[PDB]
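These numbers come from the heavy atoms of this one structure, side chains and all, not from hydrogens, waters or symmetry mates. Chain letters run A, B, ... following the sequence lines, proteins first, then strands; residues in each count from 1.
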Protein chains: 2
Amino acid sequence: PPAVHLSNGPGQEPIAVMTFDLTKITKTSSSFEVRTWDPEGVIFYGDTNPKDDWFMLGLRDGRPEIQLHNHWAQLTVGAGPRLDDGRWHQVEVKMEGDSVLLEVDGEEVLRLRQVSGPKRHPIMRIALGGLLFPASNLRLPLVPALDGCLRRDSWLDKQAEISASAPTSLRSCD
Amino acid sequence: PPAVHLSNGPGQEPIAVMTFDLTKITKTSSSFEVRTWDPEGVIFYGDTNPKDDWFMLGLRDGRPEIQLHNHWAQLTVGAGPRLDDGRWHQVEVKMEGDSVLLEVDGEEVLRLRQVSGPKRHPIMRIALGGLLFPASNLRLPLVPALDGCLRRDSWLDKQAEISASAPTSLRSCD
Ligand SMILES: COc1cc2c(cc1O)CC[C@@H]1[C@@H]2CC[C@]2(C)[C@@H](O)CC[C@@H]12
Ligand SMILES: COc1cc2c(cc1O)CC[C@@H]1[C@@H]2CC[C@]2(C)[C@@H](O)CC[C@@H]12
Ligand SMILES: [Ca+2]
Ligand SMILES: [Ca+2]
């Protein structure tokens, strides 16, 4: 299938931004394949409010890292095997009850429990390959640029998708 | 080497309690091997204050789980492969800067970052196979009894160890 580069130019911004109608969401999971030799960077960032309800999945020291900041939890957690071996890796991130589940290559590697509740606005934004605020604003800053490739990505439900933007045309890893 | 049973009788209390002088601690890591077919239970609990500075490592759905409650963080997190396959597994838990690192069979499977700071009293208690407060007091309750075996366990520095207790004689898995 067609693969896209996760970074463009200086790698200072996302390659794409998707907006979703929270009230129209029926599927709270996303999956994709990623390949990279880069040990650090942002795979995706998401929020309902950059001020107080945001989430980031990235790599640090080659391994998956999640940072989360919302009403119920504030955390910085590393888990899973290194993914920077230049091989394609399947990744799934989903909400399971009050938990966030991270699966890598079919195996559950991390489950953040009690991090959700009955999230700011009825709109969720998902940015690929970058953040929607300065990196200095992360709980634990890292350099966002992730020199890798993304393919076979499915995000929530297309029916709940409000819109999609791209600062520039998506560069193919072909 | 000699192995010990992690549960006794009804599995309502720890098989042993160790107390340490925080000010005498130079090594902030522990390691041990565990074997079990039990998917849920407490491997060890530790605190400096059962009221507001405690930590628990156990199994839930066969996989490692850590619950932590202190001044800097409050979390419930699952990670790593299932350990309830009846095989011996090496486990290491250590403090690395402001993080808690969990290694299983030589592989880092979880790193809780930004959970420590410059912890209540100068005394730390470590209880094996049970908690030092009701299970209902966990962030996420579980049934503490862990039907497994422990061996080759090293806890912090023997020099910092103040005392050790055991409600009853340690039952051998021999
Ligand atoms: C658990 O709390 C939160 C979680 C989340 C967010 C905010 C929270 O407060 C924003 C991005 C979300 C992610 C949960 C997992 C999602 C749905 C992925 O499948 C795609 C976008 C991700
Ligand atoms: C990160 O914060 C905390 C961490 C901890 C405790 C309290 C905290 O507030 C108590 C038990 C400790 C564990 C850190 C890891 C230790 C040292 C293991 O090697 C043996 C006992 C464990
Ligand atoms: Ca990078
Ligand atoms: Ca049990």
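- Within 6.0 Å of CD on B/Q159 lie no more than 12 heavy atoms contributed by other residues, nucleotides or ligands.
- In plain terms, the two heavy atoms of B/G97 and B/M95 that are nearest each other are O-CE, 3.8 Å.
- Between A/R111 and A/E96 there is no salt bridge, since none of the side-chain N atoms of the basic residue sits less than 4.0 Å from a carboxylate O of the acidic one.
- Side chains of A/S116 and A/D98: a donor-acceptor N/O pair is absent below 3.5 angstrom, by distance only.
- Cluster membership for B/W54 and B/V17, using ILVMFWY side-chain heavy atoms within less than 4.5 angstrom, is shared.
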With side chain to side chain contact (heavy atoms under 4.5 Å, CB included) as the test, would you mind laying out the steps for A/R82 and A/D84 before giving the verdict? CA-CA 6 Å; A/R82 292 188 75 108; A/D84 64 344; 3.0 Å; yes
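- To the nearest 0.5 Å, atoms CD (B/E92) and CG (B/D105) are separated by 10.0 Å.
- A donor-acceptor distance shorter than 3.5 angstrom exists from the side chain of A/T36 to the backbone of A/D38, with no hydrogens or angles considered.
- A heavy-atom distance below 4.5 Å is not found between the side chains of A/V4 and A/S172.
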Determine, step by step, whether B/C149 and B/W88 satisfy the side chain to side chain contact (heavy atoms under 4.5 Å, CB included) criterion, reporting the C-alpha distance in whole Å, the side-chain angles of both residues, the deciding distance to 0.1 Å, and the verdict. CA-CA 9 Å; B/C149 296; B/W88 280 110; 3.7 Å; yes
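- Placement of A/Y45 and A/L102 in two distinct hydrophobic clusters is found when ILVMFWY residues are connected by side-chain heavy-atom separations under 4.5 Å, directly or transitively.
- The backbone N or O of B/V115 lies less than 3.5 Å from a partner atom in the side chain of B/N70, making a donor-acceptor pair.
- A/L150 and A/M56 are not part of a single hydrophobic cluster, where members link through side-chain heavy atoms under 4.5 Å apart.
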Steps toward side chain to side chain donor-acceptor pair (under 3.5 Å) verdict (B/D157, B/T26): CA-CA 7 Å; B/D157 298 314; B/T26 63; 2.5 Å; yes
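- Both B/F32 and B/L170 are assigned to one and the same hydrophobic cluster, defined by single-linkage of ILVMFWY side chains at heavy-atom distances under 4.5 Å.
- We find the OG-CH2 distance between B/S31 and B/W155 to be 8.5 Å, quoted to the nearest 0.5 Å.
- Ionic pairing of A/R35 and A/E33 is not present here: no N-O contact between side-chain nitrogen and carboxylate oxygen is shorter than 4.0 angstrom.
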Give the C-alpha distance, both sets of side-chain angles, the deciding distance and a yes or no for side chain to side chain contact (heavy atoms under 4.5 Å, CB included) between B/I43 and B/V91. CA-CA 11 Å; B/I43 294 180; B/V91 179; 5.7 Å; no
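- Here the straight-line distance linking atom CG of B/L83 with atom CZ of B/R87 works out to 11.0 Å at 0.5 Å rounding.
- Summarising the geometry, atom OG1 belonging to B/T48 is positioned 12.5 Å from atom NE2 belonging to B/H71; distances are rounded to the nearest 0.5 Å.
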Given the rule in the side chain to side chain donor-acceptor pair (under 3.5 Å) test, do B/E65 and B/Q67 qualify, once you have shown the distances and angles that lead to the verdict? CA-CA 7 Å; B/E65 175 174 285; B/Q67 282 181 49; 2.8 Å; yes
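- Rounding to the nearest 0.5 angstrom, the gap separating the NZ atom in B/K94 from the OG atom in B/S30 is 10.0 Å.
- Ion pairing of B/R171 with B/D147 is absent here, as no side-chain N (NZ or NE/NH1/NH2) approaches a carboxylate O to less than 4.0 Å.
- Criterion: ILVMFWY side-chain heavy atoms under 4.5 Å apart, direct or through other members. Under it, B/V93 and A/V77 are part of a common hydrophobic cluster.
- Contact check on A/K158 versus A/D21 returns no salt bridge, with no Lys/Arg side-chain nitrogen under 4.0 Å from an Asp/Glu carboxylate oxygen.
- When all heavy atoms of B/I15 and B/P167 are compared, the pair lying nearest together is O-CD, 3.5 Å.
- Other residues, nucleotides and ligands place no more than 12 heavy atoms under 6.0 Å from the CD atom of B/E107.
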Counting only pairs under 3.5 Å, give me each side-chain donor-acceptor contact of residues 135-146 of chain A, with atom names and distances, residues two or more places apart or in other chains.
| unit_1 | atom_1 | unit_2 | atom_2 | d |
| --- | --- | --- | --- | --- |
| A/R139 | NE | A/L75 | O | 3.2 |
| A/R139 | NE | A/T76 | OG1 | 2.8 |

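- Heavy-atom minimum distance, B/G106 versus B/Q90: N-OE1, 4.2 Å.
- Judged purely by atom type and a 3.5 angstrom limit, B/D61 has no side-chain atom pairing as donor or acceptor with the backbone of B/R63.
- For the pair B/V104 and B/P64, the tightest heavy-atom approach, listed with the atom from each and the gap, is CG2-CG, 4.5 Å.
- Nearest heavy-atom pair across A/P2 and A/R151 is O-CB, 3.7 Å.
- In plain terms, the two heavy atoms of A/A79 and A/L110 that are nearest each other are CB-CB, 3.8 Å.
- Salt bridge annotation for B/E161-B/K24: absent, with no cationic side-chain nitrogen under 4.0 angstrom from a carboxylate oxygen.
- Taken from CG in B/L101 to CD in B/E103, the straight-line distance is 4.5 Å, to the nearest 0.5 Å.
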Side-chain atoms of residues 117-129 of chain A: list all donor-acceptor pairs with protein atoms under 3.5 Å, sequence neighbours left out, distances to 0.1 Å.
| unit_1 | atom_1 | unit_2 | atom_2 | d |
| --- | --- | --- | --- | --- |
| A/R120 | NE | A/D52 | OD1 | 2.6 |
| A/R120 | NE | A/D52 | OD2 | 3.4 |
| A/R120 | NH2 | A/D52 | OD1 | 2.7 |
| A/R120 | NH2 | A/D52 | OD2 | 3.0 |
| A/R125 | NE | A/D47 | OD1 | 3.0 |
| A/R125 | NH2 | A/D47 | OD2 | 2.7 |

Check the pair A/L156 / A/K27 against side chain to side chain contact (heavy atoms under 4.5 Å, CB included), numbers first and verdict last. CA-CA 5 Å; A/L156 299 171; A/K27 168 171 184 174; 5.7 Å; no
